[PDB]
Amino acid sequence: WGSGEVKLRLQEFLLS
Amino acid sequence: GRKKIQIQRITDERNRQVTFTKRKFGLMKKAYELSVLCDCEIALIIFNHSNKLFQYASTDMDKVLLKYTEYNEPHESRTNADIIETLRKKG
Amino acid sequence: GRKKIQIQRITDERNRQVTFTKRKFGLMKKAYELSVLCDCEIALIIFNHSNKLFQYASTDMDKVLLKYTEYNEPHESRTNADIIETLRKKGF
DNA sequence: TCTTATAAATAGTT
DNA sequence: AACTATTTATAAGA
């Protein structure tokens, strides 16, 4: 939610 | 409840918060029961009217989100409109 | 229900599938009501015991997940253990 | 799938 | 915060 590597993985999936 | 209510936005700020707290817990309790009865993993994300975040996960939110991203097959996917449609049909 | 059940894993494959289907819908119905009554945006992700995916979102799953990732503040965060704790504390 | 007897959640009042 | 009468959900049956 705030920060992280999970935050990163989720964001990318959503954006591609 | 003492009365049937219409499913429509509650405008009374106070009634809204009371309903929100009780029904949020009710939703999480039913999630808990489903996860145990049927051996499954559940995550729930809620943004209230003020855009504050509440979350529930039967075990670990990270793992469910990670698994979610890995899924590519088609799957059941519903919205409020599907649910409303179902309730039309149930009568 | 016609008889009271205890909250524990259902062993009969068939009963499990039947109960899953009915309770999943019941969960989504309650999410629908909360989101309308209280003006909430809600997403629900369920993996069954075989790891098949079922999802619900009041309006749009993408938007809620995107908002989740953006969120910076600490917030209420519960697991099964929190729920069980609440039930040990409640009398009703 | 439905239905219906019963259990569980909740509205309204306190 | 509590209680309780009622609405709603659902377990076992059709």
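All values below were derived from every heavy atom in this structure, side-chain atoms included, with hydrogens, water molecules and symmetry-related copies excluded. Throughout, protein chains are lettered first and strands after them, A, B, ... in sequence-line order, and every chain is numbered starting at 1.
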Colleague: Around atom NZ of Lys52(B), are there more than 12 heavy atoms of other residues, nucleotides or ligands at under 6.0 Å?
Modeller: no
Colleague: Only counting residues at least two apart or in another chain, list the ones meeting side-chain contact (heavy atoms from CB on, under 4.5 Å) with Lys63(C).
Modeller: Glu41(C), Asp60(C), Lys67(C)
Colleague: Got more than 12 heavy atoms from elsewhere within 6.0 Å of NZ, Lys89(C)?
Modeller: yes
Colleague: Return the minimal non-hydrogen interatomic distance between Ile83(B) and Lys29(C), and the atom names on each side.
Modeller: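 So the minimum-distance heavy-atom pair works out to CG2-CA, 4.2 Å.
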Colleague: Classify the side-chain pair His49(C)/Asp39(B) by whether it contains a donor and acceptor separated by less than 3.5 Å.
Modeller: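 There is no such pair (donor and acceptor under 3.5 Å, judged by atom type) between the side chains of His49(C) and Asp39(B).
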Colleague: Taking the same atom, P, in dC2(D) and in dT6(D), what whole-Å distance lies between them?
Modeller: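 So the two P atoms sit 23 Å from each other.
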Colleague: For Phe92(C) and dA7(D), what is the distance between atoms CZ and P respectively, to the nearest whole Å?
Modeller: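 It is 17 Å, rounded to the nearest whole Å.
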Colleague: Taking the six-membered ring for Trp, are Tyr32(C) and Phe25(C) ring centroids under 6.0 Å apart?
Modeller: no
Colleague: Just how far, in rounded Å, is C1' of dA7(D) from CD1 of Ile7(C)?
Modeller: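 In whole Å, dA7(D) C1' lies 11 Å from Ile7(C) CD1.
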Colleague: Do the charged groups of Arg88(C) and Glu85(C) touch, with an N to O distance under 4.0 Å?
Modeller: yes
Colleague: Would you write out the dot-bracket form of DNA chain E, 5' to 3', with Watson-Crick and G-U pairs under 3.5 Å, [ ] for crossing pairs, | for pairs to other strands and . for unpaired bases?
Modeller: |.||||||||||..
Colleague: Considering only the P atoms, how many Å lie between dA9(D) and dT13(D), rounded to the nearest integer?
Modeller: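 Their P atoms lie roughly 23 Å apart.
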Colleague: Please report, rounded to the nearest Å, how far the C1' atom of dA9(D) is from the OH atom of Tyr32(B).
Modeller: 16 Å
Colleague: Could you check how far CZ of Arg14(C) sits from P of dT1(D), rounded to whole Å?
Modeller: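 My rounded result for the distance is 14 Å.
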Colleague: Indicate yes or no: does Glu5(A) engage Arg9(A) in a salt bridge with an N to O separation below 4.0 Å.
Modeller: no
Colleague: Measuring only the P atom in each nucleotide, how far is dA2(E) from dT6(E)? A whole number of Å is fine.
Modeller: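 Rounded to whole Å, the distance is 23 Å.
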Colleague: Starting at the 5' end of nucleotides 7-14 of chain E, put B wherever the base has a protein heavy atom under 4.0 Å, S where only the sugar-phosphate does, and a dash everywhere else.
Modeller: SSSBBB--
Colleague: Let me know the distance between CZ of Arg16(B) and P of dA11(D), rounded to the nearest Å.
Modeller: 15 Å
Colleague: Side chains of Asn80(B) and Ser35(C): is there a donor and an acceptor less than 3.5 Å apart?
Modeller: yes
